[PDB]
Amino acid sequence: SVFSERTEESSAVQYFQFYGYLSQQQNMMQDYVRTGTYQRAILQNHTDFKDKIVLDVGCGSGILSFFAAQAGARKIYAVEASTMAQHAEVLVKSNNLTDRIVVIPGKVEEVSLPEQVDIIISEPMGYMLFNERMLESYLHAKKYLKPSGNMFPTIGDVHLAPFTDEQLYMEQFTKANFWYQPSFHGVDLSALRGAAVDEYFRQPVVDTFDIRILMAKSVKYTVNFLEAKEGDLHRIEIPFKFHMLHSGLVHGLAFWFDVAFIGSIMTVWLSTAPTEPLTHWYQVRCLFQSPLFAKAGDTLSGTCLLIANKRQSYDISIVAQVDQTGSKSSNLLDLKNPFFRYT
């Protein structure tokens, strides 16, 4: 299958074991912003669902399918690969919806659907939008979508912006300098200080922050799920040119994302921006190895390159330079192993 070919079995087992727990589903369901915004998107666009055929990619507990049913859907195919599928089936029965919701256990890349659908719904967003690589399953599911079809969400925007945060930056060295001592219980650890530094800096930092640390207006990279193909997400190149609003040291790039549900009646937005109420996605920060000094009015230009790996994540390569000075910085990050800093 397309899924097994892009994924190490080891990663997949862990991934679907994770989503097999009711507590994790609960975690997602109790994110009011997420769940409520999906419900609003679906219900306020009832004409996109009423008496339509629907596909729910990765239904988990099945909540989105129930929202589609509330909006009047004729038939909902709810596809789910973890054991949560058996729990979803139990809820479909106890809510008297077996004639309208059909739970299909398995991977959307491997199961068979009996008919084409009018609309696809899913919640495939991970950290930085792309983490977990579920967007590829979502786009893959388009093989079942009528030419007339719609996608909820319809588009996804990744926002990038430079930030300054001296304490976050210094924390890394404070942690790594544990290894810079000549006699830890009689052992000289210092030879591993460099490797410890590299490791800490390879971790994206998951948490939220005050918007005042942002030093320029964000740049946006848009994915149109109606047009995009799977292959488009294997290599993501995000060029950027920031016009600095404040003078100072840029310690890295902050990432967040929006998705939009573009229905017949209205467009509904779900945002994880630091200006918005907090979600279980928080925001993501990637540090530079070396901070860059920029004056207000200067331009910070470069590229963020995301390369998909078989651990259902991305290798992140960020290169930035201040155009007025030629000062340059790189970093390589592994999105699979983030540092959860939120307290």
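Whichever C-alpha set is largest while still superposing within 1.5 Å between the two forms counts as the rigid core. For every residue, the number given is its place in the sequence shown, counted from 1.
**OP:** Between 307-315 and 59-67, pick out the one whose C-alpha positions differ more from the shown form in 9 other deposited structures of this protein, using the rigid core for superposition.
**Re:** When 307-315 and 59-67 are compared in 9 other deposited structures of this protein, the bigger C-alpha shift is seen for 59-67.
Original post:
Between 250-258 and 177-185, where do the CA atoms move more in 9 other deposited structures of this protein, taking the root mean square over the structures and residues after a core fit?
Top reply: Higher root mean square deviation of C-alphas in 9 other deposited structures of this protein is shown by 177-185.
Subject >> Higher-scoring stretch by recorded Cα B factor average, 277-285 or 44-52 >> reply: The recorded data point to 44-52.
Subject >> Mean C-alpha B-factor comparison - 33-41 and 291-299, higher one >> reply: Here the higher of the two C-alpha B-factor means belongs to 291-299.
Original post:
If you check the C-alpha B-factor for each of 71, 120, 215, 125 in the entry, which is highest?
Top reply: Of the candidates given, the C-alpha B-factor peaks at 71.
**OP:** Please work out which residue in 110, 132, 199, 157 has the highest C-alpha B-factor recorded for this crystal structure.
**Re:** Highest C-alpha B-factor among the listed residues goes to 110.
**OP:** Relative to the other modelled residues of the same chain, rank the CA B-factor of residue 162 and answer lowest, middle or highest third.
**Re:** Ranked within chain, residue 162 CA B lands in the lowest tercile.
Subject >> residue 332 CA temperature factor, ranked by third within the chain >> reply: Tercile = middle for this residue's CA B-factor.
Original post:
Within this chain, which third does the Cα B-factor at residue 183 fall in: lowest, middle or highest?
Top reply: Its C-alpha B-factor, which the entry lists for residue 183, ranks in the lowest third among residues of this chain.
Original post:
Hey, what third does residue 100 fall into on Cα B-factor, ranked over its chain?
Top reply: Tercile = highest for this residue's CA B-factor.
**OP:** Name the third of the chain's ranked CA B-factors that contains residue 142, choosing lowest, middle or highest.
**Re:** Residue 142: CA B-factor falls in the middle third of its chain.
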